[PDB]
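Protein chains in written order, with my numbering: chain A, 4 to 86; chain B, 631 to 703; chain C, 8 to 80; chain D, 15 to 67; chain E, 57 to 358; chain F, 809 to 881; chain G, 623 to 766; chain H, 239 to 433. Just below is one structure, and these are the notes that go with it.
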Amino acid sequence: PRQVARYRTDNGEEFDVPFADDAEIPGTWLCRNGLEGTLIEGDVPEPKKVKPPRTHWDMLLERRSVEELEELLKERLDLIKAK
Amino acid sequence: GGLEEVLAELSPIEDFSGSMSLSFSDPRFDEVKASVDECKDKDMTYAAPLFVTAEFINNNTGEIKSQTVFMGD
Amino acid sequence: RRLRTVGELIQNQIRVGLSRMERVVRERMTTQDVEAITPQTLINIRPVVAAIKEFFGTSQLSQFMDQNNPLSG
Amino acid sequence: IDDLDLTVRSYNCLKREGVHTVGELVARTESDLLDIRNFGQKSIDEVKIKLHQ
Amino acid sequence: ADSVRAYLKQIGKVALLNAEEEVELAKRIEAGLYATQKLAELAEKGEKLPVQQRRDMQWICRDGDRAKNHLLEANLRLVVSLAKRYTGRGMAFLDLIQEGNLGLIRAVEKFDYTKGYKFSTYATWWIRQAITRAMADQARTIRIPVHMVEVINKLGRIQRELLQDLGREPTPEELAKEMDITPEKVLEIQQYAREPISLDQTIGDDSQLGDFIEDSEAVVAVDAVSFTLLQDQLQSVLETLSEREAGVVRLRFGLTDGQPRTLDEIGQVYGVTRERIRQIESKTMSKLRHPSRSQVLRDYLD
Amino acid sequence: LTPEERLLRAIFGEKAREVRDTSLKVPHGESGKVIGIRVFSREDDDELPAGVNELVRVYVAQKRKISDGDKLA
Amino acid sequence: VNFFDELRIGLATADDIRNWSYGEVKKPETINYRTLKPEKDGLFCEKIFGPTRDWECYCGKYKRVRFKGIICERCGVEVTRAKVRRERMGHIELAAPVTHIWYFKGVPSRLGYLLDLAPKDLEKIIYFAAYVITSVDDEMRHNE
Amino acid sequence: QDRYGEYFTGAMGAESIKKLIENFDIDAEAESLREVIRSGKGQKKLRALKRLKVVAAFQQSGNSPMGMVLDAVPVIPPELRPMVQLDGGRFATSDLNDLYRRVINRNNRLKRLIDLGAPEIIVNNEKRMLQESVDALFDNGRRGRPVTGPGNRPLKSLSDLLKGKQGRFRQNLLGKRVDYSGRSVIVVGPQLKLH
DNA sequence: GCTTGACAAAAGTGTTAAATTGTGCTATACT
DNA sequence: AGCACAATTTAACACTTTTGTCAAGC
Ligand SMILES: [Zn+2]
């Protein structure tokens with residue numbers, strides 16, 4: 004009473020996961036390999052709702068306004084032009 | 631006494647600055663909590679609470695703080 | 008050849024407990040707001056009693072009294 | 015098929031039972047819907063009252 | 057020989073900055089980052105730079121990352137001075153150090169040079185948080201979340217303060233009062249704080265604790281055999297029932313399949329209503345309760 | 809519950825009980841008269857480690873006649 | 623079977639180790655502090671190592687022996703005997719290689735004898751007390 | 239590095255050792271070691287001979303010498319390193335789990351530092367820590383001071399299972415406790431027949 | 001030996017509030 | 001330590017279906 008779905012991890016390995024036929028199959032499955040993988044059948048519905056992580060640039064922007072950054076880069080280049 | 635003997639070694643406590651000194655002295659015991667028979671029954675340990683006089687001194691301000699301290703049973 | 012008796016075996020375990028506390032007393036002074044420090048705020052007695060409790064239990068010189076007869080004890 | 019906003023109980027039963035398009039719904043028989051699991055009277059009462067609207 | 061000695065040797069090779077350099081490095085870091093973000097802005101909409109403008113932009117970024125690395129390496133001594141105090145608490149000294157460095161890294165990222173404050177002032181905050189936050193996620197074999205570690209510690213201090221005021225240890229009531237929580241809760245918290253013990257401890261003085269533990273799921277031979285014998289006596293007693301009478305009992309309790317069935321489901325196989333099956337069930341059960349059938353199964357009570 | 813166990817329940821009408829039986833019994837090969845009993849209850853004020861509501865100790869005693877296999881000297 | 627002929631050993635390769643593994647345990651977590659149930663992705667994780675109870679998945683949607691050898695689409699636990707919890711292995715994928723201490727520190731050092739490095743020198747390399755020349759360009763060094 | 243860096247590559251850690259094995263000719267070092275045992279008899283010959291025993295062992299077997307460096311570490315099944323609550327609810331577990339915990343903790347921190355970017359001092363420190371933790375897991379105290387728990391007692395490594403009178407072989411394999419057995423004190427049988 | 005309808009308990013199912021859990025941060029100076 | 005806030009999980013609950021049960025009658 005089971006249906007078998009196959010997933011493919013980003014590195015190319017493929018894995019067989021037996022499921023119950025009555026149950027709804029997922030589009031991604033944590034795999035014995037340790038990586039996420041994608042079902043080779045139709046869907047494959049969803050992005051999973053990725054929000055980008057916080058970056059150093061983000062933390063600098065919230066204090067220095069872009070103008071202050073520009074004048075600073077001005078100070079720095081005008082110093083490089085003088086050799 | 632052995633207790634005072636190890637307390638002499640501690641007194642005083644002084645950082646590299648010598649600006650503050652924490653001094654110990656005068657150990658004291660109260661009467662035993664419970665009797666031997668009572669402890670063997672109630673699964674406790676036969677013990678007297680110990681008390682100490684702790685003197686903290688600030689060399690900059692020259693202030694003294696004397697406090698009685700409970701070491702334990 | 009000695010022969011450290013019970014009083015001394017306790018003294019040594021107390022000495023250890025105090026030295027472990029002196030460490031917290033010394034460092035405590037530094038990060039504590041000065042003039043807000045008291046003999047108590049610098050003193051944390053956890054390591055002193057632990058030495059005693061951890062000596063009577065788990066130590067090979069502290070044994071369950073052997074009593075099947077007065078002579079054994 | 016989602017313009018109906020059927021009560022979440024009705025949408026899941028139909029979606030599990032395999033009615034993707036309303037074209038598959040109208041062909042089904044009223045006795046065929048109530049045999050679908052966890053599909054009761056209040057389900058066909060909400061679906062019928064909305065179909066009539 | 058020691059691993060911490062090895063790490064201290066290397067962090068000692070760098071040199072401590074003064075206030076002026078810290079500001080210098082800070083600027084280089086922010087300049088490099090903005091240089092990078094702008095160039096990346098060109099990547100999407102194109103508009104390539106003049107050659108001299110591009111070659112120098114590449115250098116601003118490289119110089120910024122060179123700055124970030126120099127600020128860190130110069131303050132590694134600060135991490136170590138903070139992590140010294142948190143040892144003996146259940147984390148390795150090196151692990152404290154490394155986690156402090158992670159806080160040091162965010163200090164650098166989030167540090168602001170315009171405020172005119174010395175770097176160690178703002179960095180001490182992050183390094184301490186990184187180290188204590190680390191201990192709360194790590195130091196316990198069974199992890200407790202930070203909010204619970206927070207309270208477990210608070211309860212500890214209250215007990216030590218209350219201990220000093222009462223010349224004794226406080227009861228659960230005194231503790232729950234000083235902490236403004238229910239006494240039942242403080243018990244729950246004190247159970248959470250219990251830490252596990254090693255199955256490898258030698259208690260014999262000479263055998264290890266771990267080998268005194270029974271296996272509670274191990275099969276017991278006398279029961280599995282009697283269960284086999286019980287499975288025999290039922291098969292017999294059922295044979296004294298009508299074909300449908302026995303068939304209904306088996307499906308009702310799931311003897312053959314192991315999956316019990318509803319009255320409506322058994323009515324579906326024999327072609328009757330659930331109520332009919334309920335009736336047939338009552339009858340065969342009073343037949344089964346009849347002493348001649350039940351007398352043999354009595355000793356299987358348990 | 810196992811199906812074979814649930815059928816006997818219906819027949820003899822003993823409800824499968826909500827709880828397992830973990831009970832104190834005398835070790836294999838031991839015997840005697842019950843001497844005394846000590847009960848510590850959380851309901852009663854008493855005292856106990858966190859989580860322990862009630863503690864009961866039972867003292868069994870026996871007269872041992874000198875027996876073949878006993879060691880003398 | 624109880625009759626086997628040979629029993630052999632060899633160095634387990636990373637690939638051998640990965641093939642044994644029923645999953646990569648990604649967290650240093652044992653069991654939840656409240657429910658005392660195995661934490662997912664940690665040591666003891668039922669998704670990888672196996673079910674705590676016979677033919678019972680973590681969440682329990684499939685509780686019955688009726689379907690053995692199917693995986694719960696919710697908790698990803700396989701329905702089978704909890705005995706497999708005794709037979710099944712995981713793995714950790716390292717972010718940097720690591721030397722097997724048996725072959726480095728065994729006397730005589732196998733690595734030392736294999737690369738012809740003095741053991742006291744081999745130590746300095748793996749523990750980051752000194753560098754080692756991995757490659758040199760002989761032509762480019764000569765032409766320049 | 240700054241001058242000549244373009245002409246060579248160098249590194250530290252097992253990552254470098256892996257490279258030296260990656261570029262290795264056993265058949266080459268085989269014979270080139272084979273002649274030195276013929277021509278150079280002396281104390282060096284005694285050295286080259288022993289060294290041959292390992293280099294030769296890898297030729298005949300199909301074993302890649304790469305195996306001596308680990309990209310992945312296996313994890314033993316949970317019931318062999320159990321965690322269980324005793325009577326009363328207090329918990330006891332194998333030392334193996336805290337040992338596995340240090341390894342995975344340090345590997346995960348390493349991933350973190352790699353992604354941020356970090357000065358080699360910090361990153362190399364992690365790799366050195368990662369290396370030592372996998373050592374303690376396999377064989378504890380075989381290098382340096384052993385990883386200890388409370389009371390300063392060293393944790394039991396995977397090697398500690400097999401070795402010694404209390405290890406698997408002597409304790410659980412060459413002997414064992416058995417069913418259908420008993421014992422008591424013995425008394426004289428003077429009236430017994432010999433059988 | 002059987003079925004019908006009224007019916008209440010039981011069992012699921014979706015919808016929401018409460019709790020639990022995870023993460024960011026704290027700017028005298030401190031190496 | 002301590003807090004704030006977002007994220008996630010757990011409980012609580014309203015509500016719908018199903019299951020067992022009774023009386024009454026074909
Ligand atoms: Zn499940």
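All C-beta atoms in this analysis are idealised placements derived from N, C-alpha and C, irrespective of residue type, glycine included.
Subject >> Residues proximal to ligand 1 by C-beta, any heavy atom closer than 5 Å >> reply: This criterion selects G/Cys679, G/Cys681, G/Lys683, G/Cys694, G/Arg696 and G/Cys697.
**OP:** Using a Cβ cut-off of 8 Å (strictly closer), state whether F/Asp852 contacts chain H.
**Re:** Residue mapping note: residue 852 of chain F aligns to position 44 of the sixth sequence, counting from 1. Not one chain H Cβ lies under 8 Å of F/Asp852.
Subject >> Helix, strand or coil at residue 895 of chain F [DSSP, three-state] >> reply: Given that chain F is displayed from residue 809 to residue 881, the structure contains no residue 895 of chain F and the question cannot be resolved.
**OP:** Using a threshold of 8 Å, state whether the C-beta atoms of H/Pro315 and G/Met762 are closer than that.
**Re:** Translated into positions along the eighth sequence, residue 315 of chain H becomes position 77. Translated into positions along the seventh sequence, residue 762 of chain G becomes position 140. Contact: no.
**OP:** Assign A/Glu65 to one of three DSSP states: helix, strand, or coil.
**Re:** One-based indexing of the first sequence puts residue 65 of chain A at position 62. DSSP, read as helix, strand or coil, puts A/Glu65 in coil.
**OP:** Give the single residue among E/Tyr63, E/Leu344, E/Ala91 and E/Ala249 whose Cα lies nearest to the Cα of E/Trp115.
**Re:** By 1-based counting over the fifth sequence, the position of residue 115 of chain E is 59. The closest CA to that of E/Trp115, considering only E/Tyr63, E/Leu344, E/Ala91 and E/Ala249, is found on E/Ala91.
**OP:** State the Cα-Cα distance for the pair H/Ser422 and F/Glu838, rounded to the nearest angstrom.
**Re:** Position 184 of the eighth sequence holds residue 422 of chain H. Position 30 of the sixth sequence holds residue 838 of chain F. Each residue's Cα considered, the two are about 15 Å apart.
Subject >> Pick from E/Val107, E/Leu255, E/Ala232 and E/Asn131 that is closest to E/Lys69, judged by C-alpha positions >> reply: Numbered from its first residue, the fifth sequence carries residue 69 of chain E at position 13. In terms of CA proximity to E/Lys69, E/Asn131 leads the group E/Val107, E/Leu255, E/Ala232 and E/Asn131.
Original post:
Using 8 Å as the limit for Cβ to Cβ distance, is A/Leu82 near chain E?
Top reply: Locating residue 82 of chain A in the first sequence gives position 79, where the first residue counts as 1. At a cut-off of 8 Å between C-beta atoms, A/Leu82 does not count as an interface residue with respect to chain E.
Original post:
Is the number of C-beta pairs between the region 342-361 of chain H and the region 50-61 of chain D that are closer than 8 Å three or more?
Top reply: At 8 Å Cβ cutoff, the stretches do not touch.
Subject >> Cα-Cα separation, F/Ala858 to E/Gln246 >> reply: Along the sixth sequence, read from residue 1 onward, the residue named residue 858 of chain F stands at position 50. Along the fifth sequence, read from residue 1 onward, the residue named residue 246 of chain E stands at position 190. Annotation: F/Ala858 to E/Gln246 spans about 7 Å, alpha carbon to alpha carbon.
Subject >> Buried or exposed (CB count within 10 angstroms, at least 16 for buried), C/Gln20 >> reply: Position 13 of the third sequence, counting from 1, holds the residue named residue 20 of chain C. Of the residues assessed, C/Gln20 falls on the buried side of the cut-off, its CB having 16 or more other CB atoms within 10 angstroms.
Subject >> Reduced DSSP category for E/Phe268 - H, G, I as helix; E, B as strand; rest coil >> reply: To locate residue 268 of chain E, count along the fifth sequence from 1; it is residue 212. It is helical.
**OP:** Starting from A/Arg11, find everything on chain E with Cβ-Cβ shorter than 7 Å and list it in chain order.
**Re:** Here residue 11 of chain A refers to the residue found at position 8 of the first sequence. Near A/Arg11 there are no residues of chain E at all, since even the closest Cβ is about 30 Å away, more than 7 Å.
Original post:
Which residue from F/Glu822, F/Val866, F/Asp878 and F/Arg872 puts its Cα closest to that of F/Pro835?
Top reply: On the sixth sequence, position 27 is the one that residue 835 of chain F refers to. Taking only the C-alpha atoms, the option nearest F/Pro835 is F/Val866.
Subject >> Nearest-angstrom Cα separation, counted from E/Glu77 out to A/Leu63 >> reply: Taking the first residue of the first sequence as 1, we reach residue 63 of chain A at position 60. Taking the first residue of the fifth sequence as 1, we reach residue 77 of chain E at position 21. Approximately 19 Å, taken between the alpha carbons.
**OP:** Tell me, please, which residues DSSP counts as bridged to H/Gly379.
**Re:** Position 141 of the eighth sequence, counted from the first residue, corresponds to residue 379 of chain H. DSSP lists no partner for H/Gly379.
**OP:** Specify the secondary structure class of C/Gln67 as computed by DSSP and reduced to three states.
**Re:** Residue mapping note: residue 67 of chain C aligns to position 60 of the third sequence, counting from 1. Here C/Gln67 carries a coil assignment [DSSP, helix/strand/coil].
**OP:** Give the straight-line distance between the Cα atoms of G/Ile639 and G/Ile631, rounded to the nearest whole angstrom.
**Re:** If you number the seventh sequence from 1, residue 639 of chain G lands on position 17. If you number the seventh sequence from 1, residue 631 of chain G lands on position 9. The straight-line gap separating the alpha-carbon atoms of G/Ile639 and G/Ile631 is approximately 14 Å.
Original post:
DSSP state of C/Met72, grouped into three classes?
Top reply: Within the third sequence, the letter at position 65 stands for residue 72 of chain C. Coil at C/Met72, not helix or strand.
Original post:
A/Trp32 versus chain E: which residues are under 9 Å apart at the beta carbon?
Top reply: By one-based count along the first sequence, residue 32 of chain A stands at place 29. The contacting residues do not exist; A/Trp32 stays about 26 Å from chain E at best.
Original post:
Which chain A residues sit within Cβ distance under 9 Å of G/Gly645?
Top reply: Taking the seventh sequence and counting its residues from 1, one reaches residue 645 of chain G at position 23. Those are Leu33, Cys34, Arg35, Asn36 and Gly37, listed as they occur along chain A.
Subject >> Alpha carbon of D/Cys27 to alpha carbon of D/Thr21, nearest angstrom >> reply: Here residue 27 of chain D corresponds to residue number 13 of the fourth sequence, with the count starting at 1. Here residue 21 of chain D corresponds to residue number 7 of the fourth sequence, with the count starting at 1. Computed Cα separation, rounded: 10 Å.
Original post:
So does the region 242-249 of chain H actually touch the region 745-761 of chain G, counting three or more Cβ pairs closer than 8 Å?
Top reply: As far as the Cβ criterion goes, the region 242-249 of chain H touches the region 745-761 of chain G, which means the pair count is three or higher.
**OP:** Tell me the start and end of each unbroken alpha helix (DSSP H) in the region 273-351 of chain E that is at least 4 residues and wholly inside, in chain order.
**Re:** Secondary structure in the region 273-351 of chain E: the alpha helix (DSSP H) runs of 4 residues or longer, each lying completely within the stretch, are 277-295, 299-309, 319-326, 330-345 and 347-350 in chain order.
Subject >> Rounded C-alpha distance that separates D/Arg23 from D/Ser45 >> reply: On the fourth sequence, position 9 is the one that residue 23 of chain D refers to. On the fourth sequence, position 31 is the one that residue 45 of chain D refers to. Each residue's alpha carbon lies about 18 Å from the other.
**OP:** Following the continuous alpha helix (DSSP H) through E/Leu138, name the residue where it begins and the one where it ends.
**Re:** Looking up residue 138 of chain E in the fifth sequence gives position 82. Where E/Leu138 is concerned, the enclosing alpha helix (DSSP H) stretches over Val107 to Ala139.
Subject >> Test: B/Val662 CB closer than 8 Å to a CB of chain C >> reply: Here the question's residue 662 of chain B lines up with position 32 in the second sequence. Not one chain C Cβ lies under 8 Å of B/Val662.
Original post:
How would you list, in chain order, the residues of chain B whose beta-carbon sits under 7 Å from the beta-carbon of C/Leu25?
Top reply: On the third sequence, position 18 is the one that residue 25 of chain C refers to. Under the 7 Å cutoff, chain B gives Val636 and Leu640.
Original post:
Is the region 94-113 of chain E touching the region 60-67 of chain D in the sense that three or more CB pairs, one from each, lie closer than 8 Å?
Top reply: No: fewer than three Cβ pairs fall under 8 Å.
**OP:** Report, in whole angstroms, the separation of the C-beta atoms of G/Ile723 and H/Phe376, which I expect to be a contact under 8 Å.
**Re:** Position 101 of the seventh sequence holds residue 723 of chain G. Position 138 of the eighth sequence holds residue 376 of chain H. Confirmed, Cβ separation roughly 6 Å.
**OP:** Taking only beta-carbon positions, decide if E/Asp168 is within less than 8 Å of chain A.
**Re:** The residue given as residue 168 of chain E occupies position 112 in the fifth sequence. Flagged as an interface residue toward chain A: E/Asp168, by a C-beta distance shorter than 8 Å.
Original post:
From E/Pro228 to F/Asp852, what does the alpha carbon distance come to, in whole angstroms?
Top reply: Position 172 of the fifth sequence, counting from 1, holds the residue named residue 228 of chain E. Position 44 of the sixth sequence, counting from 1, holds the residue named residue 852 of chain F. Those two C-alpha atoms are separated by around 15 Å.
Subject >> Beta-ladder partner(s) of B/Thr698, from DSSP >> reply: Locating residue 698 of chain B in the second sequence gives position 68, where the first residue counts as 1. DSSP output for B/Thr698 lists B/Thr683 as bridge partner(s).
Original post:
Would a C-beta distance cut-off of 8 Å place C/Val55 and C/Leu25 closer than the cut-off?
Top reply: Residue 55 of chain C sits at position 48 when you count from the first residue of the third sequence. Residue 25 of chain C sits at position 18 when you count from the first residue of the third sequence. Closer than 8 Å, so yes.
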